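Participant: Below are the structure tokens for one structure; questions will follow.
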Amino acid sequence: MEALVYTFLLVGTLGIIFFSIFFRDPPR
Amino acid sequence: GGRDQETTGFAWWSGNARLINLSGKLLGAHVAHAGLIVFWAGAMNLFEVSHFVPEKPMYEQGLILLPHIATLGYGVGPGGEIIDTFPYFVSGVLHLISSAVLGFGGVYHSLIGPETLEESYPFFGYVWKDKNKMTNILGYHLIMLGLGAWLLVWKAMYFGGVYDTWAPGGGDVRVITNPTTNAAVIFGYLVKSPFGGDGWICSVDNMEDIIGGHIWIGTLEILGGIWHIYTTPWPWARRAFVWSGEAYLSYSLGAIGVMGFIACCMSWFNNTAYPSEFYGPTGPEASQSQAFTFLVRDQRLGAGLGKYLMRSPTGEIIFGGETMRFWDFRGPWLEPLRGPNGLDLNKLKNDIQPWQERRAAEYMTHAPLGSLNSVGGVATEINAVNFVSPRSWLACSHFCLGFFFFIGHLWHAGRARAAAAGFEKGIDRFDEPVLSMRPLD
Amino acid sequence: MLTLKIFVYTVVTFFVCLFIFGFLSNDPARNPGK
Amino acid sequence: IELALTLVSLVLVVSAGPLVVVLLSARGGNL
Amino acid sequence: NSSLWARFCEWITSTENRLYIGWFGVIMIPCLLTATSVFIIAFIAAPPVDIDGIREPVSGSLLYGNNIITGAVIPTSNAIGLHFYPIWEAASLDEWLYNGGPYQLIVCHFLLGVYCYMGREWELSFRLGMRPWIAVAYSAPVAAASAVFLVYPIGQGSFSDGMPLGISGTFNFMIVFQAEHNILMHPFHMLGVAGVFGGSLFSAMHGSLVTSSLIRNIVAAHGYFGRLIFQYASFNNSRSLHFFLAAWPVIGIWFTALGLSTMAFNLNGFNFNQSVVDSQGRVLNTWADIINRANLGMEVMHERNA
Amino acid sequence: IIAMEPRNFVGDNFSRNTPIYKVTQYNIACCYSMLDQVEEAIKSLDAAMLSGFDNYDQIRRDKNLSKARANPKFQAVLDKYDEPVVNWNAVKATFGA
Amino acid sequence: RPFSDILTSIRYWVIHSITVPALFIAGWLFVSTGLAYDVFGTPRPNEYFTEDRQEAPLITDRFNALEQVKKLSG
Amino acid sequence: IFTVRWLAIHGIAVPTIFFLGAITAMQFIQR
Amino acid sequence: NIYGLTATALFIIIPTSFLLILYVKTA
Amino acid sequence: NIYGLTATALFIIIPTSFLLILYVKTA
Amino acid sequence: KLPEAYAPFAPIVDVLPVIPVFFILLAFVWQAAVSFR
Amino acid sequence: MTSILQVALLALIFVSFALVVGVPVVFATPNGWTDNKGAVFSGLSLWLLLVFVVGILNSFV
Ligand code: CLA
Ligand code: CLA
Ligand code: CLA
Ligand code: CLA
Ligand code: CLA
Ligand SMILES: CC1=C(/C=C/C(C)=C/C=C/C(C)=C/C=C/C=C(C)/C=C/C=C(C)/C=C/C2=C(C)CCCC2(C)C)C(C)(C)CCC1
Ligand SMILES: CC1=C(/C=C/C(C)=C/C=C/C(C)=C/C=C/C=C(C)/C=C/C=C(C)/C=C/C2=C(C)CCCC2(C)C)C(C)(C)CCC1
Ligand SMILES: CC1=C(/C=C/C(C)=C/C=C/C(C)=C/C=C/C=C(C)/C=C/C=C(C)/C=C/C2=C(C)CCCC2(C)C)C(C)(C)CCC1
Ligand SMILES: CCCCCCCCCCCCO[C@H]1O[C@H](CO)[C@@H](O[C@H]2O[C@H](CO)[C@@H](O)[C@H](O)[C@H]2O)[C@H](O)[C@H]1O
Ligand SMILES: [Fe+2]
């Protein structure tokens with residue numbers, strides 16, 4: 001079942017990247 | 001007698017950039033550089049002749065230029081044996097003296113001469129923004145290159161012959177008579193795939209194809225030069241290009257880098273225009289020679305087949321072991337023993353010739369393996385032997401030069417486009433194109 | 001897999017043609033301020 | 001003896017290299 | 001101007017998009033999407049590959065009992081070599097996977113994508129009015145990737161020599177490369193490592209100087225640098241300093257990529273073996289000789305004759 | 001409308017000038033011709049050519065501008081901005097020799 | 001003290017021109033005469049393998065190492 | 001005449017030239 | 001019981017994270 | 001491998017939740 | 001090898017191919033003479 | 001005529017060195033060639049004809 005844990009971690013990281021790209025905080 | 005940094009705006013390290021507008025200085029620079037090229041050619045030829053012994057094959061002492069003359073077929077006997085050395089000496093000395101003449105001309109034009117040729121010599125003058133004169137110069141030089149190609153064809157077909165490595169009983173000088181002028185085969189190479197087993201234009205096998213291609217390219221070059229002399233660029237051509245000196249340099253850099261990469265691959269793989277007898281065996285050739293010599297020795301001593309043979313994914317019979325990656329190799333000493341279905345057993349069982357055996361031995365011993373420290377053999381070789389195949393030198397040097405000239409294309413094309421647009425010096429700090437855009441959220 | 005080969009070929013050719021014609025559409029650079 | 005000839009030739013070349021520049025600097029030549 | 005072509009062109013070239021597309025983007029985007037999709041799917045689940053082509057499959061897929069640090073996309077099988085191997089040339093999908101086509105697919109699409117990315121970098125630089133040559137700086141990692149993935153297999157004549165798309169695969173590739181060729185004892189790799197170390201040093205030093213100077217100054221930082229060591233007149237203006245920062249790592253990586261490509265044609269690094277010899281002919285070991293012993297160990301260990 | 005042209009405008013497709021610039025200045029050149037001001041009509045159409053009014057058929061064919069067409073400098077500027085593709089005179093002269 | 005004045009000084013030129021070659025020849029003699037081998041202990045190319053020891057030296061001693069090296073040396 | 005700059009430069013240089021002479025003579029040693 | 005673990009984990013991650021994203025956007 | 005699973009789960013949950021709570025408080 | 005008629009001039013030949021790499025250096029010293037203006 | 005070849009060749013190197021040194025000196029200096037065309041013209045002419053002499057002498061042997 002370790003495989004599912006690895007995929008969960010990778011997909012979560014990809015989600016963090018996506019959110020950092022498209023949902024940026026406007027300056028000040 | 002150069003300009004100042006303030007006058008031209010270019011520092012010393014960007015000095016030659018001051019010559020863009022000036023024509024006489026640029027012309028002298030070009031002529032002097034051509035003289036330098038020819039000087040190096042002559043000097044290298046003389047030195048290589050001075051350090052050459054006809055007894056040994058040329059690839060054993062690091063020879064890179066003399067193999068070219070040998071390929072043209074000067075002082076070369078059957079099997080690659082050296083007959084006379086005078087042709088090389090005469091070629092070198094002629095090159096060197098022509099270089100002297102070119103250097104004198106370039107120095108005269110660069111130092112004491114009209115800095116701009118437009119005012120006094122309208123025929124030779126030009127302006128980068130001009131289009132007709134650029135086409136005229138291009139046509140002149142296209143005609144020159146076509147004449148060179150036709151000179152090669154004339155030499156191959158008349159007044160001697162070229163060293164064909166596919167002649168029966170080893171290579172020898174031969175006179176071409178019926179070059180393959182069919183357009184279909186000529187352009188099949190241009191359309192051929194570049195991947196394993198196809199190789200694009202690097203898969204030419206017969207000198208017939210070489211001569212036919214040179215005929216076609218020379219005729220096309222002459223016609224194109226005549227066309228460009230009398231023609232002006234089309235409206236779309238003037239709309240898709242940047243017409244300035246640096247842009248011309250950029251396109252030339254891109255083209256020459258691509259040709260450098262292509263020549264590197266040709267040197268590493270091709271063996272027809274580069275006979276193995278002079279340059280030495282290629283990597284695949286050395287591996288196949290290893291396998292073939294081992295099979296011959298095993299067959300002699302013991303006296304598909306499990307001994308060093310196997311079946312390729314397609315189905316043909318191929319040499320076994322790690323050599324299977326080179327199953328597409330073709331060579332004069334291996335072609336006769338190959339049947340329609342790859343290697344046929346009866347051929348090696350009966351059809352064997354001594355010269356093939358000794359050629360295979362001499363090729364397997366001299367594999368294209370070496371070190372930058374001029375020590376042959378694998379990197380983990382305990383002892384020391386001096387050998388590095390000239391093919392490796394050519395391939396590495398020309399790959400590096402092609403890559404660097406591609407980078408040069410990138411740089412110069414970017415700079416030329418920016419200068420044409422008018423913002424190469426920097427942002428105007430008043431009307432930033434970014435400021436005229438909405439904020440990005 | 002002839003069908004897949006033709007599908008890949010048509011999509012690749014579409015992309016390449018759009019790329020080439022897109023560059024062909026762009027008008028030349030120029031300096032208004034000169 | 002050939003090594004001596006090579007050394008002398010190298011000295012001649014490396015002396016002729018900057019000889020022209022030095023002579024032009026000594027005179028009123030354009031540099 | 002409502003024609004389909006007109007509006008599609010306007011959308012493609014518009015800077016209003018969240019991420020600039022550009023025409024280079026046309027080839028850039030789909031290629032990378034294909035590469036990443038195939039890479040993810042192969043890494044997650046895929047059958048073993050016969051890397052060496054003697055019917056000894058090598059598991060490299062995550063689902064087949066291996067970890068992240070060990071999972072990798074095995075390169076193309078040794079049997080195919082340089083032949084072009086898409087899906088439609090394989091006898092069957094299972095055979096395609098067993099031989100190792102997805103690596104070839106991924107590498108081709110990835111190389112096209114990175115080249116198109118360079119192109120779009122230039123194109124947007126031209127659009128915004130900034131100077132054009134940022135692509136030149138980008139040419140270093142692209143050159144290194146091309147040398148690792150394409151040029152070296154071409155030199156060795158087989159696609160199995162390309163870097164496996166994994167971590168432990170990368171370590172295996174590096175170790176095998178050291179075994180075959182002395183990458184460590186080659187001047188171009190020395191220049192590359194010098195470039196990397198100098199880039200780290202310059203980044204750290206520049207960050208420290210600039211962040212310390214920013215108080216509420218550049219003259220103070222210049223004096224600080226000029227007094228810490230003995231080069232007072234060093235990088236007087238920001239233009240020269242930042243150009244030097246750009247230039248050092250880029251040249252280093254250019255040189256290491258060129259070194260790798262040079263070795264692709266079997267032009268190895270320095271070979272200092274039996275360089276020191278005493279009187280009447282004995283061999284005195286030097287550090288180069290212990291390095292040679294290690295190289296011999298790796299070389300003789302990786303080559304599975306059987 | 002020419003007066004309000006922005007300074008340092010880089011178009012989305014690298015135009016460097018607003019699309020209405022070329023058409024409106026071609027119109028102003030036409031109206032100058034209608035005002036009997038050929039000497040400035042040639043300059044107006046020269047600047048229009050500089051702006052990238054790539055279309056060439058109407059300027060040669062349009063009767064409305066024919067009044068200014070009589071001036072030789074109009075044909076001179078047309079030639080240096082629309083060069084004959086094939087030098088018929090040159091090839092004929094070479095054939096004669 | 002700016003560098004130009006010291007560079008153009010005749011006294012500087014003469015003293016350095018007489019001293020530099022002295023140091024150069026001092027180093028030349030220091031290595032050629034063999035004093036370097038004795039002082040720093042590097043064996044000459046013809047005593048690496050003493051007749052009693054045909055293999056590389058090995059110490060196997062921490063405190064009582066002096067005469068051990070004496071035995072290994074020479 | 002005895003400034004710290006003088007001391008630094010001489011301390012660096014004197015061993016430097018000594019070692020350069022030693023090394024160049026050392027290279028001619030017959031193996 | 002791998003299916004139960006994965007189903008439970010998905011049900012705890014996807015919806016709660018979904019709510020958190022919206023709340024972060026609101027403030 | 002239960003210790004690994006629990007350690008990993010704790011490392012994902014406690015710190016990321018910690019940060020999320022702070023950010024929610026800030027906005 | 002080189003014909004006997006030019007055998008004694010072997011050494012100068014050995015120096016000729018190295019000549020071109022000097023030219024760039026010449027340029028540099030010229031720029032040094034001109035004081036890098 | 002091996003000795004004749006040798007002496008002519010020596011003269012070739014001497015004259016080539018002299019020309020290589022003089023050429024830049026005469027052209028670079030202001031007003032140094034418009035008043036000295038004859039000297040350089042004679043030098044290059046004698047250079048060419050003695051090169052031809054060396055060539056024909058070699059052709060003899
Ligand atoms: C591409 C190079 C190039 C170009 C564009 C020019 C252009 C010019 N030169 Mg220069 N010149 C060159 C090379 C070049 N020359 C070289 C190599 C030399 C050394 C020999 C000279 C020496 C020279 C002198 C001394 C003078 C000029 C002058 C001139 C101007 C008048 C035309 C002329 O020379 O009459 C040419 C007249 C001829 C009778 C020659 C025509 C017959 C020749 C021999 C045909 C050769 C062509 C053939 C294809 C060569 C191929 C060689 C092979 C290796 C490829 C003109 C601007 C004159 C000038 O006004 O000064 C600025 C002048 O006084 N040139
Ligand atoms: C081979 C490459 C090459 C070539 C052909 C040129 C050519 C030229 N450069 Mg460029 N340049 C180069 C490399 C090159 N440069 C490099 C590498 C640098 C960086 C250091 C520069 C930096 C630079 C600057 C900063 C400037 C030039 C300028 C010039 C022009 C005038 C030269 C001058 O003032 O001479 C002065 C005269 C002498 C030094 C004496 C002559 C010495 C002779 C030719 C050499 C002696 C040997 C030779 C064999 C003699 C001929 C013998 C033969 C007749 C048999 C000229 C067109 C200048 C120019 O015109 O710009 C507007 C200028 O401002 N260059
Ligand atoms: C009449 C118009 C004309 C012609 C014929 C040429 C011809 C030439 N120009 Mg161009 N040029 C022109 C106008 C012209 N130019 C103008 C108007 C300008 C601007 C002012 C230039 C600027 C220019 C530059 C900047 C340069 C040239 C160069 C050259 C030469 C190319 C040498 C080379 O590398 O070729 C490579 C290919 C070959 C050598 C293959 C051709 C093989 C031969 C020569 C053909 C057969 C003839 C031969 C004599 C037969 C006997 C063979 C054997 C027995 C010896 C070539 C002779 C280049 C050069 O190096 O010149 C010295 C160069 O750098 N030209
Ligand atoms: C190296 C020498 C050289 C150079 C620099 C040029 C340069 C030029 N030529 Mg000339 N030409 C040459 C040799 C050369 N030609 C020769 C040898 C011939 C005889 C066959 C011609 C015949 C010729 C004609 C008949 C015409 C030109 C034209 C042109 C101009 C148009 C742009 C262009 O080249 O096409 C750029 C490339 C293309 C448009 C693509 C088609 C070319 C092939 C089929 C590409 C195939 C492979 C490629 C990878 C795929 C690219 C995709 C494509 C859709 C862009 C340009 C100034 C035209 C012009 O306006 O000048 C008057 C023109 O009408 N040339
Ligand atoms: C024939 C091809 C060609 C030509 C005619 C030019 C001409 C020019 N270039 Mg371009 N360039 C080229 C190729 C060419 N370049 C290539 C291949 C590259 C890729 C590296 C570049 C990269 C380049 C840059 C980045 C810049 C120029 C600039 C310039 C201009 C000033 C020249 C200069 O820098 O002063 C002369 C400078 C020197 C002599 C310094 C030499 C330093 C190098 C590193 C010496 C290396 C020598 C070494 C032994 C070679 C080893 C090779 C080995 C790796 C195989 C001038 C218009 C400059 C400019 O302002 O353009 C307007 C500029 O900024 N060029
Ligand atoms: C401008 C200039 C420049 C450049 C230049 C150049 C590049 C030039 C070139 C030049 C050249 C390029 C020249 C040449 C010359 C040559 C000569 C002068 C020759 C002679 C010869 C001889 C003498 C021979 C002899 C012999 C023979 C025949 C063979 C072998 C044997 C013998 C040895 C006997 C620079 C940039 C640096 C800077 C500025 C100035
Ligand atoms: C000798 C030879 C041969 C043949 C050859 C031939 C036939 C060749 C041809 C060639 C050719 C025929 C080539 C061509 C090329 C082309 C090119 C290289 C082009 C390019 C282009 C470009 C790059 C473009 C671009 C653009 C863009 C993209 C932008 C927009 C516009 C345009 C479109 C302009 C044979 C095999 C027989 C033999 C061996 C070798
Ligand atoms: C043919 C022949 C010949 C020829 C000759 C020639 C061609 C010559 C040339 C020559 C040359 C062409 C020379 C050159 C030289 C150079 C040099 C000698 C250089 C030096 C340099 C330096 C010393 C540098 C320094 C520096 C730099 C790097 C820059 C920065 C700073 C400094 C200052 C540090 C003769 C007559 C012999 C004889 C017969 C044969
Ligand atoms: C920058 C401009 C530089 C121009 C340099 C030109 C270089 C071209 C010179 C190549 C050498 C040609 O010189 C040579 O041609 C003759 C053939 O035509 C040779 O003649 C010989 O060639 C072969 C020798 O194996 C034989 O097939 C011939 O029967 C034999 O007569 C001469 O040995 C020599 O004179
Ligand atoms: Fe900064």
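Letters for chains follow the order of the structure tokens (A, B, ...), residue numbers begin at 1 for each chain, and ligand numbers begin at 1 in the order shown.
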List as a ChimeraX atom specification the protein and nucleic acid residues near segment 10-25 of chain C, meaning an atom at most 8 Å away when only C-alpha atoms are counted, but skip any in the same chain fewer than 4 places from it.
Facilitator: /B:240 /C:6 /E:9,23-24,26-27
Participant: Mind listing the alpha helix (DSSP H) residues of chain A, per DSSP on the backbone, as a list in words?
Facilitator: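 DSSP on the backbone gives alpha helix (DSSP H) at residues 2, 3, 4, 5, 6, 7, 8, 9, 10, 11, 12, 13, 14, 15, 16, 17, 18, 19, 20, 21 and 22 of chain A.
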Participant: As a VMD selection string, please: the residues near segment 19-36 of chain G (cut-off 9 Å, only C-alpha atoms, same-chain neighbours under 3 positions excluded).
Facilitator: (chain G and resid 14 to 16 39 to 42 44) or (chain H and resid 14 17 to 26 29)
Participant: I need the chosen residues saved as a JSON list (two decimals), in the first residue's frame, with C-alpha atoms.
Facilitator:
[["chain", "number", "residue", "atom", "x", "y", "z"],
["G", 14, "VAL", "CA", 68.78, 47.58, -9.65],
["G", 15, "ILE", "CA", 68.16, 45.93, -6.28],
["G", 16, "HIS", "CA", 65.45, 43.66, -7.64],
["G", 39, "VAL", "CA", 66.16, 17.99, 4.31],
["G", 40, "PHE", "CA", 62.62, 16.97, 3.31],
["G", 41, "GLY", "CA", 63.42, 13.26, 3.21],
["G", 42, "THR", "CA", 61.99, 12.45, -0.22],
["G", 44, "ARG", "CA", 65.81, 9.62, -4.70],
["H", 14, "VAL", "CA", 60.19, 35.64, -1.99],
["H", 17, "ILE", "CA", 60.26, 33.06, -6.84],
["H", 18, "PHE", "CA", 62.33, 30.61, -4.79],
["H", 19, "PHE", "CA", 59.81, 27.84, -5.50],
["H", 20, "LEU", "CA", 59.55, 28.76, -9.19],
["H", 21, "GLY", "CA", 63.31, 28.42, -9.57],
["H", 22, "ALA", "CA", 63.27, 25.17, -7.61],
["H", 23, "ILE", "CA", 60.46, 23.77, -9.76],
["H", 24, "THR", "CA", 61.94, 24.75, -13.12],
["H", 25, "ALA", "CA", 65.26, 23.17, -12.17],
["H", 26, "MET", "CA", 63.32, 20.21, -10.75],
["H", 29, "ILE", "CA", 65.98, 16.25, -13.36]]
Participant: Counting only C-alpha atoms and all ligand atoms, name the residues that have an atom within 9 Å of an atom of ligand 7; the answer should be given as a compact mmCIF listing (two decimals) with N, CA, C and O atoms, in the first residue's frame.
Facilitator:
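As written to disk, result.txt reads:
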# COMPACT_ATOMS: atom_id res chain seq x y z
N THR B 180 24.85 8.27 -61.00
CA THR B 180 23.40 8.15 -60.86
C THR B 180 22.79 9.54 -60.82
O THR B 180 22.78 10.20 -59.79
N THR B 181 22.26 9.98 -61.96
CA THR B 181 21.65 11.29 -62.09
C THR B 181 20.13 11.26 -61.91
O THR B 181 19.49 12.30 -62.06
N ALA B 183 16.70 11.73 -60.37
CA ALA B 183 16.28 12.63 -59.31
C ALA B 183 15.70 11.87 -58.12
O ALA B 183 15.87 12.29 -56.97
N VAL B 185 16.40 8.90 -56.65
CA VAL B 185 17.39 8.43 -55.68
C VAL B 185 18.12 9.60 -55.05
O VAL B 185 18.47 9.57 -53.86
N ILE B 186 18.37 10.66 -55.83
CA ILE B 186 19.11 11.80 -55.32
C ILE B 186 18.37 12.45 -54.16
O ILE B 186 18.96 12.77 -53.12
N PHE B 187 17.06 12.65 -54.31
CA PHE B 187 16.26 13.29 -53.27
C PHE B 187 15.74 12.31 -52.22
O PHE B 187 15.28 12.75 -51.16
N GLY B 188 15.80 11.00 -52.48
CA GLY B 188 15.45 10.05 -51.44
C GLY B 188 16.33 10.19 -50.22
O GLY B 188 15.87 10.06 -49.08
N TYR B 189 17.62 10.46 -50.43
CA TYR B 189 18.52 10.73 -49.31
C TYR B 189 18.05 11.95 -48.53
O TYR B 189 18.04 11.94 -47.30
N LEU B 190 17.65 13.01 -49.24
CA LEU B 190 17.20 14.22 -48.56
C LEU B 190 15.92 13.97 -47.78
O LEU B 190 15.69 14.62 -46.75
N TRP B 200 19.67 9.51 -42.89
CA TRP B 200 19.55 10.71 -43.73
C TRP B 200 20.64 10.62 -44.80
O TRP B 200 20.81 9.55 -45.39
N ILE B 201 21.39 11.70 -45.08
CA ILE B 201 22.37 11.67 -46.16
C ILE B 201 23.65 10.94 -45.78
O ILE B 201 24.55 10.83 -46.62
N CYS B 202 23.76 10.45 -44.55
CA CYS B 202 24.97 9.75 -44.11
C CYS B 202 25.00 8.30 -44.55
O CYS B 202 25.98 7.60 -44.25
N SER B 203 23.97 7.82 -45.25
CA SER B 203 23.89 6.43 -45.68
C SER B 203 24.31 6.23 -47.13
O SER B 203 24.10 5.15 -47.68
N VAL B 204 24.91 7.25 -47.76
CA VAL B 204 25.41 7.08 -49.12
C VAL B 204 26.51 6.02 -49.11
O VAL B 204 27.42 6.06 -48.28
N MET B 207 30.10 5.74 -54.78
CA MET B 207 30.60 7.02 -55.27
C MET B 207 29.73 7.55 -56.41
O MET B 207 29.71 8.76 -56.66
N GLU B 208 29.01 6.66 -57.10
CA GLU B 208 28.05 7.08 -58.12
C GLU B 208 27.08 8.11 -57.55
O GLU B 208 26.84 9.16 -58.16
N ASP B 209 26.51 7.82 -56.37
CA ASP B 209 25.56 8.73 -55.77
C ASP B 209 26.21 10.06 -55.43
O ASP B 209 25.61 11.12 -55.60
N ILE B 210 27.46 10.01 -54.96
CA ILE B 210 28.17 11.24 -54.62
C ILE B 210 28.32 12.13 -55.84
O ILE B 210 28.00 13.33 -55.81
N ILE B 211 28.79 11.55 -56.95
CA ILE B 211 29.01 12.35 -58.15
C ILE B 211 27.68 12.88 -58.69
O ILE B 211 27.59 14.03 -59.13
N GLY B 212 26.63 12.05 -58.68
CA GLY B 212 25.34 12.53 -59.15
C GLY B 212 24.81 13.68 -58.32
O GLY B 212 24.32 14.68 -58.85
N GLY B 213 24.90 13.55 -57.00
CA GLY B 213 24.48 14.63 -56.13
C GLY B 213 25.26 15.90 -56.35
O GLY B 213 24.70 17.00 -56.33
N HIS B 214 26.57 15.78 -56.57
CA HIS B 214 27.37 16.97 -56.81
C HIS B 214 27.01 17.62 -58.13
O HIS B 214 26.96 18.85 -58.23
N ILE B 215 26.73 16.81 -59.16
CA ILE B 215 26.26 17.37 -60.43
C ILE B 215 24.98 18.17 -60.20
O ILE B 215 24.86 19.33 -60.64
N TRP B 216 24.01 17.56 -59.52
CA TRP B 216 22.73 18.23 -59.31
C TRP B 216 22.90 19.52 -58.51
O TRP B 216 22.34 20.56 -58.87
N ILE B 217 23.69 19.47 -57.44
CA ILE B 217 23.82 20.64 -56.57
C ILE B 217 24.58 21.75 -57.29
O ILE B 217 24.25 22.93 -57.14
N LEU B 220 22.13 23.32 -59.79
CA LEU B 220 21.16 24.12 -59.06
C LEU B 220 21.79 25.41 -58.56
O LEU B 220 21.16 26.47 -58.61
N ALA B 237 8.91 37.92 -49.09
CA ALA B 237 10.27 37.80 -48.60
C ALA B 237 10.71 39.06 -47.87
O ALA B 237 11.33 38.98 -46.80
N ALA B 240 9.05 39.07 -44.25
CA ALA B 240 9.32 38.04 -43.26
C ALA B 240 10.76 38.04 -42.77
O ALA B 240 11.10 37.25 -41.88
N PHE B 241 11.62 38.90 -43.31
CA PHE B 241 13.04 38.92 -42.97
C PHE B 241 13.44 40.29 -42.43
O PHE B 241 12.75 41.29 -42.63
N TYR B 251 21.70 34.45 -39.95
CA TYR B 251 21.26 33.33 -40.78
C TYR B 251 22.45 32.46 -41.18
O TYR B 251 22.36 31.22 -41.16
N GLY B 254 23.44 30.24 -38.24
CA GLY B 254 22.55 29.10 -38.07
C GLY B 254 22.83 28.01 -39.10
O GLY B 254 22.97 26.83 -38.76
N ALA B 255 22.95 28.41 -40.37
CA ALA B 255 23.20 27.43 -41.42
C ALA B 255 24.52 26.70 -41.19
O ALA B 255 24.59 25.47 -41.31
N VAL B 258 24.35 24.17 -38.34
CA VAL B 258 23.65 22.95 -38.75
C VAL B 258 24.57 22.08 -39.60
O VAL B 258 24.65 20.86 -39.42
N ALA B 273 32.58 8.28 -48.56
CA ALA B 273 33.35 9.50 -48.77
C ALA B 273 34.55 9.59 -47.84
O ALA B 273 35.44 10.42 -48.06
N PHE C 19 1.85 26.50 -36.77
CA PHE C 19 3.08 27.17 -36.34
C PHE C 19 3.70 27.98 -37.47
O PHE C 19 4.00 29.18 -37.32
N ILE C 20 3.88 27.35 -38.63
CA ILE C 20 4.53 28.01 -39.76
C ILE C 20 3.71 29.21 -40.22
O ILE C 20 4.24 30.31 -40.41
N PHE C 21 2.40 29.01 -40.41
CA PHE C 21 1.58 30.12 -40.89
C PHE C 21 1.47 31.23 -39.86
O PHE C 21 1.32 32.40 -40.22
N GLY C 22 1.55 30.88 -38.57
CA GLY C 22 1.53 31.90 -37.54
C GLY C 22 2.74 32.81 -37.60
O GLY C 22 2.62 34.03 -37.50
N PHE C 23 3.93 32.22 -37.77
CA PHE C 23 5.09 33.08 -38.04
C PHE C 23 4.93 33.85 -39.35
O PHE C 23 5.28 35.03 -39.42
N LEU C 24 4.40 33.21 -40.39
CA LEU C 24 4.24 33.93 -41.66
C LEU C 24 3.31 35.12 -41.54
O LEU C 24 3.45 36.08 -42.30
N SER C 25 2.36 35.09 -40.60
CA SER C 25 1.41 36.19 -40.45
C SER C 25 2.04 37.43 -39.82
O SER C 25 1.62 38.55 -40.13
N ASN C 26 3.02 37.25 -38.94
CA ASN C 26 3.61 38.38 -38.24
C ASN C 26 4.22 39.37 -39.22
O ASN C 26 4.88 38.99 -40.19
Participant: Please build the interface table for segment 50-83 of chain F against segment 27-34 of chain C with a cut-off of 12 Å, listing for each qualifying residue the nearest atom pair and the distance in Å to one decimal; count only C-alpha atoms, order rows by chain and increasing number, and write it as CSV.
Facilitator:
residue,atom,partner,partner_atom,distance
F:50,CA,C:32,CA,8.4
F:51,CA,C:32,CA,7.7
F:52,CA,C:27,CA,8.4
F:53,CA,C:27,CA,10.8
F:54,CA,C:27,CA,9.7
Participant: Give the residues close to ligand 3, within 6 Å, counting only C-alpha atoms and all ligand atoms; write them as a list in words.
Facilitator: residues 27, 30, 31, 34, 124, 125, 137, 140, 141, 144, 145, 147 and 148 of chain B
Participant: May I ask you to write as a VMD selection string all residues lying at most 9 Å from ligand 10, with only C-alpha atoms and all ligand atoms counted?
Facilitator: chain E and resid 203 206 to 207 210 238 241 to 242
Participant: Would you tabulate, counting only C-alpha atoms, all residues of chain F that have an atom at most 6 Å from an atom of chain B, showing the closest pair of atoms and their distance in Å to one decimal, sorted by chain then ascending number, as a Markdown table?
Facilitator:
| residue | atom | partner | partner_atom | distance |
| --- | --- | --- | --- | --- |
| F:85 | CA | B:232 | CA | 4.7 |
| F:86 | CA | B:231 | CA | 4.9 |
| F:87 | CA | B:230 | CA | 5.7 |
Participant: Enumerate as a ChimeraX atom specification the residues within 10 Å of ligand 8, counting only C-alpha atoms and all ligand atoms.
Facilitator: /B:36,39,43,96-97,99-100,103 /D:9-20 /K:12-13,15-16,18-33,36 /L:9-21
